[PDB]
Amino acid sequence: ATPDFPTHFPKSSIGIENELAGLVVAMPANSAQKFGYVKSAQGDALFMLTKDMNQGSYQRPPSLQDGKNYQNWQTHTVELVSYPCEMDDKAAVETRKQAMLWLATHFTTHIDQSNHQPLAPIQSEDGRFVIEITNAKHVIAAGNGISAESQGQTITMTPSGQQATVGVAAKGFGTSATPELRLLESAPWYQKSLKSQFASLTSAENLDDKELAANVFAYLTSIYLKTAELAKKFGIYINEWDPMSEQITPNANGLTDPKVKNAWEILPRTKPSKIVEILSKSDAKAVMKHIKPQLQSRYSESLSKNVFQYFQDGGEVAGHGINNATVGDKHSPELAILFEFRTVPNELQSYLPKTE
Ligand SMILES: Nc1ncnc2c1ncn2[C@@H]1O[C@H](COP(=O)(O)OP(=O)(O)NP(=O)(O)O)[C@@H](O)[C@H]1O
Ligand SMILES: [Mg+2]
Ligand SMILES: [Mg+2]
């Protein structure tokens with residue numbers, strides 16, 4: 001079994017995703033995404049081996065007929081998904097990049113001498129890295145996995161196949177305290193002006209934590225307003241809101257549609273309703289009550305009510321979120337909120353392995 005990601009980090013955390021070029025993985029239909037992982041010889045889990053983009057049904061080449069059953073098997077691209085580490089942990093970041101580059105060289109040899117065969121759980125020649133296979137019911141094949149033989153491909157990685165995910169303490173968003181927080185706050189959807197706006201609205205209110213309430217208000221309002229902008233731009237059905245009722249032609253297959261995810265640029269990966277927990281019951285009520293007019297002064301009543309209710313009932317920005325991640329003290333953990341960089345910016349390029 002592939003170990004689950006660790007959920008707790010002392011400070012800000014980072015994970016990476018790297019889709020490989022030059023090969024496919026073929027597996028039975030409806031298989032689990034994870035088929036293995038690479039760890040250090042010391043035992044530290046570095047990254048998972050996963051199936052990513054469905055490339056069609058797998059057809060075992062006739063010249064490689066082995067009496068085995070490959071019925072209903074599907075071909076997918078391979079994506080290497082790191083186990084998160086601390087953003088300032090240089091050795092952990094570097095070991096992940098080196099282990100990914102080593103595995104690409106190991107894949108290059110595998111498609112040359114063992115094409116259309118599963119990856120074997122081996123140790124690297126230098127003893128640094130160990131492959132563990134959690135699903136033996138798979139094969140690795142060069143190119144698109146149609147031909148028995150490769151085109152002598154070198155297994156590679158590129159910025160177009162790369163993402164980075166940053167986790168920070170939820171209470172930090174809007175404080176601009178660290179370079180990571182400042183990079184996240186530069187997200188085009190984030191409206192820092194909403195912080196001072198909340199303060200003006202709540203002068204007569206005796207709030208338990210005014211600065212924290214203002215930060216949460218700005219973060220949530222920015223997400224709710226951006227969701228409404230995207231639902232209108234792409235014609236997305238949100239709860240009971242019908243884009244066709246506002247003469248908008250549906251133009252995406254929901255919130256999880258890759259082009260909708262790309263429009264966020266810095267994609268929230270945590271369920272928005274979780275942040276309410278960092279506030280007192282009273283402060284959370286004051287924040288929530290003030291969001292509704294922000295939507296209603298910009299969007300129709302129906303779109304405003306549907307976006308508000310969707311996120312209130314625990315709606316996700318773009319499918320299954322990372323909602324159990326924590327930061328700070330291990331004994332008294334605080335909520336961490338995660339963000340996916342759809343395109344890795346210059347500031348995070350050093351966290352990604354480069355073939356060249
Ligand atoms: N606590 C954390 N802090 C920072 N990054 C994290 C943390 N937990 C997970 N990540 C990273 O966030 C990403 C998680 O993506 P994941 O949750 O596996 O979704 P997925 O199902 O693989 N995506 P998909 O391709 O749509 O199926 C990886 O880059 C992880 O390394
Ligand atoms: Mg992934
Ligand atoms: Mg991604």
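Residues take their numbers from the sequence shown, with the count starting at 1. All ligand and atom numbering here is 1-based and tracks the order in the structure.
- Protein N/O/S atoms closer to the Mg ion (ligand 3) than 2.8 Å number 2 in this structure.
- The number of heavy atoms from other shown groups lying within 6.0 Å of CD (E240) does not exceed 12.
- The hydrophobic cluster containing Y237 does not contain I248, counting ILVMFWY residues as joined when their side-chain heavy atoms lie under 4.5 angstrom apart, directly or transitively.
- Put simply, the side chain of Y219 never gets that close to the backbone of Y190: no donor and acceptor are under 3.5 Å apart.
- The ring-ring contact (aromatic ring centres under 6.0 Å, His included) test with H138 is passed by exactly one of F35, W73, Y58, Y70: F35.
- No option in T221, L220, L194, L201 other than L201 meets the side chain to side chain contact (heavy atoms under 4.5 Å, CB included) test with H290.
- A donor-acceptor pair shorter than 3.5 Å cannot be found between the side chains of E340 and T165.
- Interatomic distance, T270 OG1 to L338 CG, rounded to the nearest 0.5 Å: 4.5 Å.
- When hydrophobic clusters are built by joining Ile, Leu, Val, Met, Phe, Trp and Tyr residues whose side-chain heavy atoms come closer than 4.5 Å, directly or via intermediates, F47 is grouped together with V344.
- In the displayed structure, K137 atom NZ is contacted under 6.0 Å by more than 12 heavy atoms of other residues, nucleotides or ligands.
- Under 4.0 Å from any atom of ligand 1, one finds heavy atoms of residues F5, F9, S13, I14, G15, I16, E17, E79, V81, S82, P84, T165, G167, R269, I322, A325, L338.
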